[PDB]
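Novice: Sharing run-v6.txt below, compact mmCIF, C-alpha atoms:
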```
# COMPACT_ATOMS: atom_id res chain seq x y z
CA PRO H 6 104.13 58.87 118.32
CA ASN H 7 104.12 62.66 117.27
CA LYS H 8 102.97 64.55 120.38
CA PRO H 9 103.35 63.60 124.08
CA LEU H 10 101.63 60.49 125.38
CA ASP H 11 99.28 61.11 128.30
CA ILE H 12 99.42 58.26 130.81
CA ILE H 13 96.57 58.52 133.31
CA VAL H 14 97.30 56.76 136.58
CA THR H 15 94.26 55.33 138.46
CA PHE H 16 95.99 55.47 141.85
CA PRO H 17 97.79 58.17 143.73
CA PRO H 18 101.55 58.69 144.20
CA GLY H 19 103.16 56.41 146.79
CA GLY H 20 101.87 53.12 145.43
CA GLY H 21 103.20 50.58 142.91
CA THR H 22 100.83 51.60 140.10
CA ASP H 23 102.09 55.23 140.11
CA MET H 24 105.70 54.04 140.55
CA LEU H 25 105.54 51.79 137.47
CA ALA H 26 103.74 54.41 135.35
CA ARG H 27 106.42 57.01 136.26
CA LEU H 28 109.24 54.45 135.66
CA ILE H 29 107.78 53.64 132.20
CA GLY H 30 107.12 57.31 131.43
CA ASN H 31 110.75 58.21 132.21
CA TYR H 32 112.29 55.69 129.79
CA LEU H 33 109.53 56.06 127.18
CA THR H 34 110.26 59.83 127.05
CA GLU H 35 113.91 58.92 126.39
CA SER H 36 113.03 56.44 123.63
CA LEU H 37 110.56 57.47 120.85
CA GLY H 38 111.18 61.21 121.50
CA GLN H 39 108.13 62.85 123.11
CA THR H 40 107.20 63.32 126.78
CA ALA H 41 105.08 60.57 128.21
CA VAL H 42 103.28 62.89 130.60
CA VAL H 43 102.19 60.92 133.67
CA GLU H 44 99.29 62.22 135.69
CA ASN H 45 97.30 60.79 138.60
CA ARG H 46 93.52 60.83 138.32
CA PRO H 47 92.65 58.54 141.24
CA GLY H 48 89.04 59.52 142.08
CA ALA H 49 86.54 56.75 142.87
CA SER H 50 89.10 53.91 142.94
CA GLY H 51 90.37 54.85 139.48
CA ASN H 52 86.93 55.35 137.86
CA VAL H 53 87.57 59.03 137.20
CA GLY H 54 90.76 58.25 135.30
CA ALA H 55 89.11 55.30 133.53
CA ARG H 56 86.14 57.39 132.30
CA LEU H 57 88.57 60.05 131.08
CA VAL H 58 90.56 57.58 128.96
CA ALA H 59 87.36 55.79 127.72
CA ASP H 60 86.44 59.13 126.12
CA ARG H 61 89.79 59.84 124.46
CA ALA H 62 90.63 59.13 120.81
CA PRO H 63 91.72 55.52 120.10
CA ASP H 64 95.04 56.72 118.64
CA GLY H 65 97.50 55.52 121.23
CA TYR H 66 98.21 58.92 122.81
CA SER H 67 95.99 58.34 125.85
CA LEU H 68 96.70 55.41 128.13
CA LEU H 69 95.36 54.25 131.48
CA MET H 70 97.73 52.81 134.07
CA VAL H 71 95.76 50.15 135.98
CA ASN H 72 96.08 47.48 138.56
CA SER H 73 93.72 44.60 139.47
CA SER H 74 91.44 47.16 141.18
CA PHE H 75 90.24 47.96 137.64
CA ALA H 76 88.82 44.41 137.44
CA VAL H 77 87.27 44.70 140.94
CA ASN H 78 85.40 47.91 140.22
CA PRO H 79 82.64 46.63 137.93
CA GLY H 80 81.35 44.32 140.72
CA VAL H 81 81.49 46.92 143.53
CA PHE H 82 80.25 50.09 141.87
CA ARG H 83 76.47 50.35 141.41
CA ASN H 84 76.60 52.46 138.23
CA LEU H 85 79.99 52.34 136.47
CA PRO H 86 80.09 55.18 133.90
CA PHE H 87 81.72 53.01 131.18
CA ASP H 88 81.82 49.44 129.89
CA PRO H 89 84.97 48.05 131.54
CA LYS H 90 85.30 45.37 128.85
CA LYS H 91 84.30 47.16 125.64
CA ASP H 92 85.57 50.65 126.39
CA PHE H 93 89.20 49.62 126.97
CA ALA H 94 91.78 47.46 125.18
CA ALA H 95 94.83 46.04 126.87
CA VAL H 96 98.39 46.90 125.84
CA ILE H 97 100.72 45.32 128.36
CA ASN H 98 100.91 43.84 131.83
CA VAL H 99 104.30 44.83 133.27
CA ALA H 100 104.35 43.42 136.85
CA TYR H 101 102.62 41.31 139.42
CA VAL H 102 102.79 41.76 143.15
CA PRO H 103 101.35 39.29 145.58
CA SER H 104 99.55 40.38 148.74
CA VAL H 105 100.80 39.24 152.10
CA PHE H 106 99.07 38.47 155.37
CA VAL H 107 101.25 40.25 157.97
CA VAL H 108 101.14 40.34 161.76
CA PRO H 109 103.14 42.37 164.33
CA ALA H 110 106.46 41.09 165.66
CA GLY H 111 105.60 38.76 168.52
CA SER H 112 102.00 38.10 167.39
CA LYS H 113 100.19 35.00 168.72
CA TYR H 114 99.58 34.00 165.10
CA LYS H 115 102.58 32.02 163.99
CA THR H 116 101.04 30.46 160.87
CA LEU H 117 98.08 31.09 158.57
CA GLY H 118 96.51 27.92 160.01
CA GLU H 119 96.42 29.44 163.51
CA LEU H 120 94.75 32.58 162.12
CA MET H 121 92.09 30.56 160.28
CA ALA H 122 91.40 28.45 163.42
CA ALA H 123 91.02 31.71 165.42
CA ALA H 124 88.53 33.03 162.87
CA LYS H 125 86.58 29.81 162.13
CA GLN H 126 83.47 30.81 164.23
CA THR H 127 80.91 33.60 163.18
CA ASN H 128 80.37 36.43 165.50
CA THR H 129 84.07 36.58 166.61
CA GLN H 130 86.56 39.46 166.47
CA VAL H 131 89.60 38.70 164.25
CA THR H 132 89.97 41.92 162.22
CA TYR H 133 92.32 42.42 159.31
CA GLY H 134 93.45 45.72 157.87
CA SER H 135 93.67 46.24 154.10
CA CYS H 136 94.92 48.88 151.64
CA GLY H 137 91.28 49.98 151.11
CA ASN H 138 87.65 49.08 150.62
CA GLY H 139 87.31 47.18 147.31
CA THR H 140 91.09 46.76 146.86
CA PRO H 141 92.60 43.43 145.74
CA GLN H 142 94.01 43.31 149.35
CA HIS H 143 90.50 43.64 150.78
CA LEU H 144 89.32 40.94 148.36
CA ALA H 145 92.25 38.63 149.30
CA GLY H 146 90.91 38.57 152.92
CA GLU H 147 87.33 38.09 151.77
CA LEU H 148 88.40 35.30 149.40
CA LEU H 149 90.10 33.58 152.29
CA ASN H 150 86.89 33.94 154.38
CA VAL H 151 84.78 32.45 151.58
CA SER H 152 87.31 29.68 150.71
CA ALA H 153 88.38 28.70 154.22
CA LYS H 154 84.91 29.42 155.68
CA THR H 155 86.25 31.92 158.19
CA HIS H 156 84.85 35.12 159.69
CA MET H 157 87.64 37.73 159.71
CA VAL H 158 86.35 41.31 159.85
CA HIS H 159 87.74 43.78 157.29
CA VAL H 160 88.99 47.11 158.52
CA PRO H 161 89.94 49.34 155.60
CA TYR H 162 92.84 51.80 155.55
CA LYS H 163 93.60 54.64 153.17
CA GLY H 164 96.37 52.73 151.35
CA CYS H 165 99.05 50.31 152.45
CA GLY H 166 101.06 52.92 154.38
CA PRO H 167 98.42 53.53 157.05
CA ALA H 168 97.55 49.78 157.27
CA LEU H 169 101.19 48.96 157.89
CA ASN H 170 101.49 51.66 160.58
CA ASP H 171 98.68 50.07 162.57
CA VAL H 172 100.03 46.51 162.29
CA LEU H 173 103.53 47.85 163.04
CA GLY H 174 102.18 49.43 166.25
CA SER H 175 99.88 46.46 167.11
CA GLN H 176 96.85 48.72 166.87
CA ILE H 177 95.53 46.00 164.58
CA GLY H 178 96.56 42.31 164.78
CA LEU H 179 96.64 41.57 161.11
CA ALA H 180 96.61 43.17 157.67
CA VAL H 181 96.66 42.26 154.04
CA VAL H 182 98.92 44.55 152.06
CA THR H 183 101.07 44.33 148.95
CA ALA H 184 104.28 42.33 149.32
CA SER H 185 106.25 45.36 148.03
CA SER H 186 105.03 47.64 150.89
CA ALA H 187 105.60 44.96 153.56
CA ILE H 188 108.89 43.37 152.51
CA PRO H 189 111.23 45.94 154.14
CA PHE H 190 109.44 45.47 157.49
CA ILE H 191 109.34 41.71 157.24
CA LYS H 192 113.15 41.62 156.57
CA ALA H 193 113.67 44.01 159.52
CA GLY H 194 111.65 41.55 161.66
CA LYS H 195 109.15 44.25 162.58
CA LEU H 196 106.41 42.16 160.94
CA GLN H 197 105.89 38.49 160.37
CA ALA H 198 104.33 37.15 157.16
CA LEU H 199 101.75 34.35 157.42
CA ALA H 200 101.14 33.79 153.68
CA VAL H 201 101.45 35.24 150.22
CA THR H 202 98.39 35.28 147.93
CA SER H 203 100.16 34.22 144.71
CA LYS H 204 100.12 30.67 143.28
CA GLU H 205 103.82 30.29 144.08
CA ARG H 206 106.11 32.04 146.67
CA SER H 207 108.02 34.97 146.54
CA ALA H 208 111.15 35.23 145.64
CA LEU H 209 112.04 37.62 148.49
CA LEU H 210 110.09 35.61 151.05
CA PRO H 211 111.04 31.99 150.26
CA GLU H 212 110.18 30.82 153.81
CA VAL H 213 106.67 32.32 153.57
CA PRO H 214 104.11 29.82 152.24
CA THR H 215 101.29 30.65 149.79
CA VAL H 216 97.72 30.60 151.09
CA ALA H 217 97.02 27.64 148.70
CA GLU H 218 99.81 25.54 150.25
CA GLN H 219 98.25 26.03 153.75
CA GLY H 220 95.87 24.38 152.36
CA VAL H 221 93.19 26.49 150.81
CA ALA H 222 93.48 24.74 147.46
CA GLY H 223 92.93 26.84 144.34
CA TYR H 224 93.44 30.14 146.23
CA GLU H 225 95.33 32.82 144.33
CA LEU H 226 95.06 36.58 144.06
CA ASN H 227 98.03 38.17 142.34
CA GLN H 228 97.72 41.88 141.49
CA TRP H 229 98.72 42.88 137.94
CA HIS H 230 99.74 46.33 136.79
CA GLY H 231 99.50 47.44 133.21
CA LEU H 232 98.39 49.85 130.58
CA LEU H 233 95.10 50.03 128.67
CA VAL H 234 93.97 52.29 125.80
CA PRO H 235 90.54 53.21 124.51
CA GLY H 236 88.63 50.09 123.33
CA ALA H 237 88.70 51.01 119.59
CA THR H 238 92.50 51.47 119.44
CA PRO H 239 93.69 49.32 116.52
CA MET H 240 95.88 46.34 117.32
CA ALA H 241 98.76 47.86 115.29
CA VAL H 242 98.75 50.81 117.70
CA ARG H 243 98.47 48.50 120.78
CA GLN H 244 101.45 46.49 119.41
CA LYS H 245 103.50 49.63 118.79
CA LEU H 246 102.90 50.70 122.38
CA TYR H 247 103.49 47.15 123.63
CA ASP H 248 106.84 46.95 121.77
CA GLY H 249 108.09 50.24 123.25
CA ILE H 250 107.01 49.49 126.81
CA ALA H 251 108.34 45.91 126.69
CA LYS H 252 111.72 47.36 125.67
CA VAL H 253 111.65 49.54 128.82
CA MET H 254 110.70 46.58 131.00
CA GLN H 255 113.59 44.56 129.49
CA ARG H 256 116.19 47.05 130.81
CA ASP H 257 118.60 45.46 133.38
CA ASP H 258 118.24 48.44 135.64
CA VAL H 259 114.41 48.24 135.54
CA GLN H 260 114.35 44.47 136.19
CA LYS H 261 116.66 44.77 139.22
CA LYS H 262 114.70 47.65 140.75
CA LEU H 263 111.43 45.74 140.52
CA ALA H 264 112.80 42.44 141.73
CA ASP H 265 114.44 44.19 144.70
CA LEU H 266 110.97 45.58 145.56
CA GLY H 267 109.20 42.23 145.39
CA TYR H 268 107.53 42.82 141.99
CA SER H 269 107.44 39.92 139.62
CA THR H 270 108.13 41.37 136.19
CA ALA H 271 105.68 40.46 133.42
CA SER H 272 105.21 41.34 129.74
CA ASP H 273 101.86 39.87 128.84
CA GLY H 274 100.77 41.41 125.55
CA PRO H 275 97.54 42.90 124.16
CA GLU H 276 95.67 39.61 123.73
CA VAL H 277 96.83 37.84 126.89
CA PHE H 278 96.39 40.90 129.09
CA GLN H 279 92.92 41.61 127.64
CA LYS H 280 91.89 38.07 128.47
CA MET H 281 93.25 38.45 132.04
CA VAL H 282 91.30 41.73 132.52
CA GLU H 283 88.02 40.11 131.37
CA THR H 284 88.58 36.88 133.31
CA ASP H 285 89.34 38.82 136.52
CA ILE H 286 86.34 41.07 136.03
CA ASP H 287 84.18 37.92 135.92
CA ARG H 288 85.93 36.28 138.86
CA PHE H 289 85.95 39.34 141.13
CA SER H 290 82.33 40.12 140.29
CA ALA H 291 81.39 36.62 141.41
CA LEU H 292 83.26 37.01 144.72
CA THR H 293 81.89 40.47 145.54
CA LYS H 294 78.37 39.25 144.63
CA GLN H 295 78.79 36.34 147.16
CA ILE H 296 79.88 38.67 149.97
CA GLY H 297 77.49 41.49 148.97
CA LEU H 298 80.10 44.23 148.63
CA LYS H 299 79.33 47.59 147.09
CA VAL H 300 81.70 50.50 147.56
CA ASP H 301 79.13 53.15 146.51
```
Could you take the file, read its structure, and then write that structure out as structure tokens?

Specialist:
Amino acid sequence: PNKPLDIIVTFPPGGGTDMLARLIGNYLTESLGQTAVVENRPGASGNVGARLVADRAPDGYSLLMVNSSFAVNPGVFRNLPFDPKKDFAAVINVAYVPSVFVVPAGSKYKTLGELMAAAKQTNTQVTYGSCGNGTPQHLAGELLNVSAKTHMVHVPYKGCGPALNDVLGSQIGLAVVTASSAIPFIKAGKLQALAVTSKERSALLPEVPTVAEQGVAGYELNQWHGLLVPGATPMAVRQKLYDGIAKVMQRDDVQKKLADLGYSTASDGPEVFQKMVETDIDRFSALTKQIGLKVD
């Protein structure tokens, strides 16, 4: 590393992806001795930032901060301006966060099972908010529909903040948002959590069951957050970046901060993370093909 790194964030400030990129950038600047400049390029669900990095030199100085949305995009954009498998190479996955099905304090829905019963029939009017059209949160509700054979109607919000405001005020009866956004409200008893979308609980919500354990067997949709580089970046460079970032993630202060927020820390490396990206691309594409979703 001999000039600044340029870390391009696919989502705007206020969300977990930007938070983690800026947390990494902060400690990376400290170590290895050049500014890791962090910048948000969030246009078209991260596609603007992705195309930008796809076109940078494969030298390790240009990185893309992603979440699972990156794997959703190939299935929901008609004409993606890059090859989401070939044009990127994974460096590190640093954190998971489950989604959570949340309802207002005093909602008639006491369990996920009650919600699914309410939404079993076709025409029907059980709406759920999400963090946005084509988000992993949106797809968590659609996956439940497909897996549980229910008919909940998706109402998108511009991020988790606005979705939470409407469930907080009972303007909508239900939303799917990230655990990290929702946890303070759930602890405060302003919201109730019906399920988490990970394979196992949560950690900060030990009394909230997974969707799978309620029982929609095989259901999971955990959002990852990590860094990619241009597809041709040699493995030695990916490993050098990996080593540095993993050292940041290993910090006590970093681990505590994330855990307190409801992030599950991770450190999947170049090979493992690359496999996860490609596997999720395939899986999400299959789901959004079933439900017929295009975002453009």

Novice: Need the shell around residue 268 (chain H): protein/DNA/RNA residues with any atom at most 12 Å away, counting only C-alpha atoms. Skip same-chain ones fewer than 5 positions apart. Format as number ranges by chain?

Specialist: H: 21-22, 24-25, 99-104, 183-188, 203, 206-210, 227-230, 259-263

Novice: H:223, H:249, H:54, H:214: which is nearest residue 86 (chain H), counting only C-alpha atoms?

Specialist: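 Smallest distance to residue 86 (chain H) is found for H:54.
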
Novice: Scan for residues within 12 Å of the point (78.8, 35.5, 166.4) in the coordinates of the file, using all atoms listed in the file, and reply as a PyMOL selection string.

Specialist: chain H and resi 124-131+155-158

Novice: Would you kindly return, as a ChimeraX atom specification, each protein, DNA or RNA residue with an atom no farther than 12 Å from any atom of residue 56 (chain H), considering all atoms listed in the file and excluding same-chain residues fewer than 2 positions away?

Specialist: /H:13-15,46-54,58-61,67-69,75,85-89,92-93,234-236

Novice: What's around region 281-295 of chain H at 9 Å? Count all atoms listed in the file, leave out sequence neighbours fewer than 4 positions away in its own chain, and write the answer as a ChimeraX atom specification.

Specialist: /H:73,75-81,89-90,95,139,144,147-148,151,276-277,299

Novice: Can you list, as a ChimeraX atom specification, every protein, DNA or RNA residue that comes within 12 Å of residue 179 (chain H) when you count only C-alpha atoms, leaving out same-chain residues fewer than 3 positions away?

Specialist: /H:105-117,120-121,124,130-135,146,157-161,168-176,182,196-200

Novice: Looking at H:119, H:39, H:232, H:162, which one is nearest to residue 6 (chain H), with distances taken over only C-alpha atoms?

Specialist: H:39

Novice: In Å, with one decimal, what is the gap from CA of residue 37 (chain H) to CA of residue 237 (chain H)?

Specialist: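 These atoms are spaced 22.8 Å apart.
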
Novice: Could you add N, CA and C atoms to region 41-70 of chain H and give me the result as a compact mmCIF listing (two decimals), keeping the file's coordinate frame?

Specialist:
```txt
# COMPACT_ATOMS: atom_id res chain seq x y z
N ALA H 41 106.20 61.33 127.70
CA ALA H 41 105.08 60.57 128.21
C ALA H 41 104.70 61.27 129.49
N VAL H 42 103.76 62.20 129.41
CA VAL H 42 103.28 62.89 130.60
C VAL H 42 102.49 61.91 131.47
N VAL H 43 102.88 61.79 132.73
CA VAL H 43 102.19 60.92 133.67
C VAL H 43 101.39 61.77 134.63
N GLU H 44 100.10 61.47 134.77
CA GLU H 44 99.29 62.22 135.69
C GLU H 44 98.38 61.30 136.50
N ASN H 45 98.17 61.62 137.77
CA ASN H 45 97.30 60.79 138.60
C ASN H 45 95.90 61.36 138.54
N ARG H 46 94.93 60.49 138.24
CA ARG H 46 93.52 60.83 138.32
C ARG H 46 92.82 59.74 139.10
N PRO H 47 93.03 59.70 140.44
CA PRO H 47 92.65 58.54 141.24
C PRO H 47 91.22 58.48 141.81
N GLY H 48 90.40 59.48 141.53
CA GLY H 48 89.04 59.52 142.08
C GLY H 48 88.25 58.26 141.85
N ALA H 49 87.50 57.87 142.89
CA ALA H 49 86.54 56.75 142.87
C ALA H 49 87.25 55.47 142.45
N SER H 50 88.32 55.15 143.16
CA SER H 50 89.10 53.91 142.94
C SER H 50 89.61 53.76 141.50
N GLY H 51 89.83 54.87 140.82
CA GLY H 51 90.37 54.85 139.48
C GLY H 51 89.28 55.10 138.43
N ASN H 52 88.03 55.19 138.85
CA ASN H 52 86.93 55.35 137.86
C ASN H 52 86.99 56.69 137.14
N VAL H 53 87.51 57.71 137.82
CA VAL H 53 87.57 59.03 137.20
C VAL H 53 88.56 58.94 136.05
N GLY H 54 89.74 58.41 136.34
CA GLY H 54 90.76 58.25 135.30
C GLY H 54 90.29 57.33 134.17
N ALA H 55 89.61 56.24 134.53
CA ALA H 55 89.11 55.30 133.53
C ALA H 55 88.10 55.99 132.59
N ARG H 56 87.15 56.74 133.15
CA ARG H 56 86.14 57.39 132.30
C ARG H 56 86.82 58.39 131.36
N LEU H 57 87.83 59.09 131.86
CA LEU H 57 88.57 60.05 131.08
C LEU H 57 89.19 59.36 129.86
N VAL H 58 89.96 58.29 130.08
CA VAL H 58 90.56 57.58 128.96
C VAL H 58 89.53 56.95 128.02
N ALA H 59 88.46 56.35 128.54
CA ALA H 59 87.36 55.79 127.72
C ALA H 59 86.87 56.79 126.66
N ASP H 60 86.97 58.08 126.99
CA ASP H 60 86.44 59.13 126.12
C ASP H 60 87.48 59.75 125.21
N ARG H 61 88.74 59.34 125.34
CA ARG H 61 89.79 59.84 124.46
C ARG H 61 89.83 59.08 123.13
N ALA H 62 90.46 59.71 122.12
CA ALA H 62 90.63 59.13 120.81
C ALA H 62 91.38 57.81 120.94
N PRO H 63 91.03 56.83 120.10
CA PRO H 63 91.72 55.52 120.10
C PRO H 63 92.97 55.52 119.23
N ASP H 64 93.89 56.44 119.53
CA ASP H 64 95.04 56.72 118.64
C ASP H 64 96.37 56.36 119.29
N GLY H 65 96.28 55.87 120.52
CA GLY H 65 97.50 55.52 121.23
C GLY H 65 98.15 56.60 122.08
N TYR H 66 97.59 57.80 122.08
CA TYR H 66 98.21 58.92 122.81
C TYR H 66 97.66 59.07 124.23
N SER H 67 96.64 58.30 124.55
CA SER H 67 95.99 58.34 125.85
C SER H 67 95.97 56.92 126.39
N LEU H 68 96.60 56.74 127.54
CA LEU H 68 96.70 55.41 128.13
C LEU H 68 96.25 55.49 129.59
N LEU H 69 95.82 54.35 130.11
CA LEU H 69 95.36 54.25 131.48
C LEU H 69 96.25 53.27 132.20
N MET H 70 96.94 53.73 133.25
CA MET H 70 97.73 52.81 134.07
C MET H 70 96.83 52.20 135.14
```
